[PDB]
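# Using only what follows, build the 3D model:
(chains A, B, C and D, ligands or ions: 5)
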Amino acid sequence: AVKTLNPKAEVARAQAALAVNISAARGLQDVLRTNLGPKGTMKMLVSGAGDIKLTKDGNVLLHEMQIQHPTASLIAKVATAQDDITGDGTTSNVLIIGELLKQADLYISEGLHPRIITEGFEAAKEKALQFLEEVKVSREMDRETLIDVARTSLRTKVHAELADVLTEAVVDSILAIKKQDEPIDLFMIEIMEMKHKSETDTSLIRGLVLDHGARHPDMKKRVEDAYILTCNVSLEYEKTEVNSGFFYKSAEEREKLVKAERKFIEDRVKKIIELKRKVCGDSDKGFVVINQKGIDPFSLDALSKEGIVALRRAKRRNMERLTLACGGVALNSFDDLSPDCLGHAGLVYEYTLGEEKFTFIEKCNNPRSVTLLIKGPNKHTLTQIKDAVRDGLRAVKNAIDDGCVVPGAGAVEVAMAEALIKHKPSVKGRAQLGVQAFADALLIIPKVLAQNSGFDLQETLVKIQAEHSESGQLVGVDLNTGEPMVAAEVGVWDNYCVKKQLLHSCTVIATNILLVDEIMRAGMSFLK
Amino acid sequence: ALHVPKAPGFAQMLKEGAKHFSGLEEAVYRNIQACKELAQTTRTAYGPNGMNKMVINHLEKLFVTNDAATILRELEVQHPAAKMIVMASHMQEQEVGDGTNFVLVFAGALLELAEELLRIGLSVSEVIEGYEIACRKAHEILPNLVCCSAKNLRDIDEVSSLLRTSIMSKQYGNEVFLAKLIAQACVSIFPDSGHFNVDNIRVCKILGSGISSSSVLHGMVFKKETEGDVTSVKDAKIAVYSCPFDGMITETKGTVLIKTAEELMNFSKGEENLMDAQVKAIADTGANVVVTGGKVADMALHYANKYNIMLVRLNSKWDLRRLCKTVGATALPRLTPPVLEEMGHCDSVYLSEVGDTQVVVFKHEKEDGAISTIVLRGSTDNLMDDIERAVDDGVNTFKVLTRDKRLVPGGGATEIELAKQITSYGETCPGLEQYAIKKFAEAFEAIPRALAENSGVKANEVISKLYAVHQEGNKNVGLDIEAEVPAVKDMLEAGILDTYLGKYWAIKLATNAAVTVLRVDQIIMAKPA
Amino acid sequence: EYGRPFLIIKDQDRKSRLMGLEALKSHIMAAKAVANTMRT
Amino acid sequence: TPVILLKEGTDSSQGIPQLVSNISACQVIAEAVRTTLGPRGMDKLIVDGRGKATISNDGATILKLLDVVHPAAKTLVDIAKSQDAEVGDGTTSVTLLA
Ligand SMILES: Nc1ncnc2c1ncn2[C@@H]1O[C@H](COP(=O)(O)OP(=O)(O)O)[C@@H](O)[C@H]1O
Ligand SMILES: Nc1ncnc2c1ncn2[C@@H]1O[C@H](COP(=O)(O)OP(=O)(O)O)[C@@H](O)[C@H]1O
Ligand SMILES: [Mg+2]
Ligand SMILES: [Mg+2]
Ligand SMILES: [Mg+2]
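Residues are numbered from 1 along each chain as shown, chains lettered A, B, ... in the order given. Ligands and ions are numbered 1, 2, ... in the order given. And now the structure:
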């Protein structure tokens, strides 16, 4: 029909569009199924420029494989939306979408209209949400439970030795920046990376690390007890907004005007020096200036002649962090400078690494902002560690924000499947078939786990389903013996919001895909 | 004929020009082959008898060198696994400064043995865990092999002997002379309670006579010329400025506006009188030489010549700071008569000529100073570049000795002992990870073998004799280079040593790189652009 | 070791050369020609 | 073979043959200035791309005007330049000696 109007159009009609969608979804899941679990394999990605990236994350893998497909774009966007809110669960999403489509096709290829399976999907989704609402476990969220959750979320990205190091740092930082209300605010945890000293030296610092140092050779490199002044006022040469020029008569007038054109900044420098002399009378303490704007060599010289360490052009967000860590006030003007505005720091020092300089502020009283210092010998190592740190922080934050945590390793999926199988007799019509399909898809999570550990899918799944049928304990897979295990007792924990969001997104996207009649490319080929 | 169309799924959604390798046969073994080729590229330049190599880059520049890091930098590698090996070697160079070839040799040996371990039936995880266990055991064993800790690092005759081994493998046949030169230069500037900084040693290359005419100077040399007509000083008070030696003006636009004739007549005389007053005020403090980092005006130069002031200018923003450190002067951003505390002092300042090159020398009669310089003379630029690289290796060795004082025997004694003890440990491990452990120990025999292969002898006899003599209890016996028949020698008596820290970091980084390469399972590559 | 054609001089394939008396003789010829133009 | 180690177009030679080739090239370089030595020495005429000519008996000048690109042969030009810089006389004896 559209071919008679646009001869260059491309079309895919009723029975072909469904085949295209199913084929592409299966193609995506066939690649992404090797990532699931702590036993997944690692991927290497090389771009056109020649840079190397080692990864195991689902989102990174999706966004760095060379693919041009429409429904692949849809699934990638869904995964991105899940990641940006929860930060964990971007592989199970793709796996469940693919399996749901495959199971639906199994029945559709026998002459059944997709709307029946859609209604079955909706009913099964409601029942599964009701069941998950009662499987969850509520606790106090002490340090040990958060340790377990963070470790569970971290062992799937790095090996055990590095995970045991990252868990403590992540949990300690999240607990340190927390108040008993006012939900957790990230951006108060700065991630800085240094390329040396193999990655078992990643650490947490109860202070700040700044990637720039002092620009005068005569400034002190170490300060033992310091006042911290945080400002964004400019000490650079500034000119009038309106056009202006000097008109002198001889050499002496030229000299007079030259010395006259600097008082507006000399006044600010004198204010700072007077305050420092007033507070730090004897030469025993220190004084450090952190500025968000530029500083001239003249102002640097004037400050260094007195024993002041000055840093120029700090990042904007630090304006808050220092105030929460050192405990002063960030000010825009000098017309009210007083000793209440100053913060305190117990150690300030500098470290030089090749061509770069770093400044450490440490030993604050009760810092509400901390720093995670990443270390390692390569660049892809640091990138991978950074992704793992993001995952762990999001997991701990989601655990605290909810009052509950869910057992993992696939126990909840088996429980939902068994509960859904006994619910399908109640519903009427052919929609039961759809319900069946849903149940089978929920079993894609345990199966793959077993298949990644070197066992056989069907017999291990039958063993798992043998329990939870005579003993109603929530049992999952043990990835080194293949026997069923009680997930809660061992210490495998999963987030609740992650599972709820995953169910919602998977059901919605699969339902919308199953009802597509025909694919059309009939518009302008390029926007030119 | 017919065609095999494609496989449905991922094979049909892949872009054009992209590649996808998966499995052991298409991913792991090919990576092992690439790493083996890279290791064989640089194996031949190992040891005192390793031969030089000549490389031309894409800009038609010429390198003649033995150092492995420079060779890898100048090549253009494409395979990702070799890129990981190169990055490991570069990290080792940055961290320590010597031992960038041990990394390549060890990593190649480890991957080569892992290939046959995988061929026989073992899985990658078991190979990995065996390698980690063996690495931990080796790091535990290593401190027991330490002998002859360094005693005094400000004695010239001991420092000269400690640095000889690190240069013997770069400039075989000229180790004593260069060792003594570097020892003098390093002992000059080591400060008390001092971190030794490496920047404070400068190298100047002048084309000319042979290498044996090289020297060390306590001060600075610049390849410049004097701006004024004074040429030498005998007792120099130095004033240093970062601003141009000229009348300074407003930042905002300024114009001289005159309304009568008398102002027009008087302006130039006023400027000249002001400039004369400024120069005389500067001169009255006793400064003989002025160093600036900007332009010098004609009238300022004329008045400097009038008052007998030596004027030198240099524009680097970094040479000025190093000179300020050398003479103890403080830079000034204004053109004002400086205070006594900002005076630099120098015993001699003069303009000299060495082999067609005119230089300005700031020279001290002091023995310590703040920085020192090494002046190299050669018949070819490439030779002087190689000598500079050897000097850098020696200075880094001195720095490491400052950090840690422990030495271990060299020439393959340490590797043989490590392999023997690791095999003995692995014979008592029940399980499948014993094989990997044993392979780790065998990977330590690639270091002596290479040496023998470069010396022109048979490696098997050397290794057999080393094992036989180590069975008796001689931990300090290694390969003898002078003999033309295979032989062994006591390394501790002959003074062949190497740092503990270098070996530690080399083993760590080599094992890390090998395991990281082994962990990759499938590769997705975009099309080159 | 098969001393196959190896490059020494840039654009070696296009540049020419003359050595010995022949070169000398060529010079003489040129000079004579010039003189025989001016003789008349 | 699927992915190669170095970039396409990299040319490598090793062993005795390359050393023998280098020794052979040095002979051509020395022959270039061989007959300019002594009280009975001739001199050479060199023409460049623009057309200007230069007539010389000095060895260093002749070696400079030759567009040598062989990496082993450039060393003989370098040593001639160094000898010219240091003492100023004897820039052909050193080449024949090497
Ligand atoms: N020690 C363990 N034993 C069994 N299952 C585990 C273990 N650790 C994690 N898992 C399972 O791995 C799954 C998550 O795998 P992961 O690779 O992190 O991908 P994603 O979290 O993005 O879906 C979870 O369902 C969890 O149940
Ligand atoms: N006199 C000597 N006899 C035998 N071996 C030596 C001698 N001097 C140095 N070596 C050996 O040379 C080896 C390293 O040489 P080098 O080419 O610098 O390799 P790398 O750059 O990896 O250190 C050391 O392992 C040391 O044992
Ligand atoms: Mg996860
Ligand atoms: Mg070395
Ligand atoms: Mg002569």
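# Relative to residue B:348, how far out is the nearest residue to residue A:215 once chain neighbours are set aside?
Distance criterion C-beta to C-beta, 6 or more residues apart in numbering or on different chains; nearest residue to residue A:215, sequence neighbours excluded, is residue A:300 at 6.2 Å. For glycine as for every other residue, the C-beta is placed from the backbone atoms N, C-alpha and C. Residue A:300 sits 33 Å away from residue B:348 when distances are taken as C-beta to C-beta, to the nearest Å.
# more crowded one of those two?
Neighbours per residue, other C-beta atoms under 10 Å in any protein chain shown: of residue A:300 and residue B:348, the larger number sits with residue A:300, 21 against 15.
# OK, contacts around the nearest residue to residue D:78 once chain neighbours are set aside?
In this structure, residue D:78 finds its nearest non-sequential neighbour in residue B:380, 4.6 Å apart by C-beta to C-beta, 6+ apart. Counting by C-beta atoms under 8 Å, 6 or more residues apart in numbering or on different chains, residue B:380 makes contact with D:75, D:78, D:79, D:82.
# neighbours of the third one, just the number please.
Burial of residue D:79, expressed as a neighbour count using other C-beta under 10 Å, amounts to 19.
# What distance do you get for it to chain C?
17 Å (C-beta to the nearest C-beta, to the nearest Å).
# got the buried residues for stretch B:426-441?
Of the residues in stretch B:426-441, those buried under the neighbour-count criterion (16 or more other C-beta atoms under 10 Å in any protein chain shown) are B:426, B:429, B:433, B:434, B:435, B:436, B:437, B:438, B:439, B:440, B:441.
# what's near enough to touch residue 93?
No chain in the question, so chain A it is. A:58, A:78, A:79, A:82, A:502, A:505, A:506.
# switch to chain B, that's the one I care about
Taking C-beta under 8 Å, 6+ apart as the definition, contacts of residue B:93 comprise B:69, B:100.
# do residue A:57 as well
Applying C-beta under 8 Å, 6+ apart to residue A:57 gives the contacts A:35, A:90, A:157, A:387, A:391.
# So which of the residues you listed reach ligand 1?
A:35, A:90 (C-beta under 6 Å from any ligand atom).
# Going by distance to residue B:21, which of the contacts of residue A:57 wins?
Proximity to residue B:21 was ranked across the contacts of residue A:57 by C-beta to C-beta; first place goes to residue A:35, at 17.2 Å.
# The closest one: neighbour count?
For residue A:35, the tally of surrounding residues (other C-beta under 10 Å) stands at 23.
# measure it to residue A:60 for me?
Remark: distance between residue A:35 and residue A:60 (C-beta to C-beta) = 10 Å.
# Looking at the contacts of residue B:380, spot the one nearest chain C.
residue D:75 (13.1 Å; C-beta to the nearest C-beta).
# Now residue B:498. Nearest residue, chain neighbours left out?
Once chain neighbours are set aside, the closest to residue B:498 by C-beta to C-beta, 6+ apart is residue B:410, at 4.5 Å.
# Near the one you found, how many other residues are there?
Tallying neighbours of residue B:410 according to other C-beta under 10 Å, which is how burial is gauged here, yields 24.
# Just list the residues touching it, thanks.
Applying C-beta under 8 Å, 6+ apart, one finds that residue B:410 lies in contact with B:165, B:478, B:491, B:496, B:497, B:498.
# Not including adjacent chain positions, what is the nearest residue to residue D:55?
Once flanking residues are discounted, residue D:55 sits nearest to residue D:45: 4.9 Å by C-beta to C-beta, 6+ apart.
# Specify the local secondary structure of the one you found.
Three-state secondary structure (criterion: DSSP: H, G, I helix; E, B strand; the rest coil) places residue D:45 in strand.
# burial of it, as a residue count?
Neighbours around residue D:45, by other C-beta under 10 Å: 12.
# how close does it get to chain B?
Computed as C-beta to the nearest C-beta, the residue D:45 to chain B distance reads 27 Å.
# out of everything not next to it in sequence, what's closest to the residue of chain D found nearest chain A?
Closest residue of chain D to chain A, C-beta to the nearest C-beta: residue D:3 (9.7 Å). Once its chain neighbours are removed from consideration, residue D:3 has its nearest residue in residue B:79; the separation is 5.4 Å (C-beta to C-beta, 6+ apart).
# Quick one: residues contacting that neighbour.
For residue B:79, the contact set (C-beta under 8 Å, 6+ apart) comprises B:31, B:34, B:38, D:3, D:4, D:5.
# swap the cut-off to 7 Å and go again
The contact partners of residue B:79, by C-beta atoms under 7 Å, 6 or more residues apart in numbering or on different chains, come to B:34, D:3, D:5.
# Return the member of the residues you listed nearest to residue A:279.
Within the contacts of residue B:79, proximity to residue A:279 (C-beta to C-beta) peaks at residue B:34, which comes in at 63.2 Å.
# The closest one looks like it's in a helix, true?
Yes: according to three-state DSSP, residue B:34 belongs to a helix.
# Surely it and residue B:82 touch.
Yes: Residue B:34 sits in contact with residue B:82 when judged by C-beta atoms under 7 Å, with a separation of 5.4 Å.
# Mutual contacts of the two, please.
residue D:5.
# Would you check that the residue nearest to residue D:55 makes contact with residue D:53?
Yes: in this structure residue D:45 lies within contact range of residue D:53 using C-beta under 7 Å: 6.0 Å.
# Helix, strand, or coil at the closest residue to ligand 2 within chain C?
Of all residues in chain C, residue C:1 sits closest to ligand 2, at 28.5 Å by C-beta to the nearest ligand atom. Classification of residue C:1 by three-state DSSP places it in coil.
# Without its sequence neighbours, what residue ends up closest to it?
Leaving aside its sequence neighbours, residue C:1 sits nearest to residue D:17 (C-beta to C-beta, 6+ apart; 3.9 Å).
# Which stretches in the stretch 151-300 of chain B count as helices?
When secondary structure is read from DSSP state H, counting those that start in this stretch, the stretch 151-300 of chain B shows helices at B:156-162, B:164-168, B:175-189, B:261-283, B:298-306.
# Generate JSON lines for those helices, with distance to residue B:508 as supplementary columns.
Conversion of those to JSON lines gives the following (distance: least, C-beta to C-beta, whole Å):
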{"stretch": "helix B:156-162", "distance to residue B:508": "24"}
{"stretch": "helix B:164-168", "distance to residue B:508": "20"}
{"stretch": "helix B:175-189", "distance to residue B:508": "27"}
{"stretch": "helix B:261-283", "distance to residue B:508": "57"}
{"stretch": "helix B:298-306", "distance to residue B:508": "58"}
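# Run through the residues that contact the residue of the stretch 51-200 of chain A found nearest ligand 2.
Distances between the stretch 51-200 of chain A and ligand 2 by C-beta to the nearest ligand atom are smallest at residue A:198, namely 19.5 Å. If you count contacts by C-beta under 7 Å, 6+ apart, residue A:198 has them with A:376, A:377, B:508, B:512.
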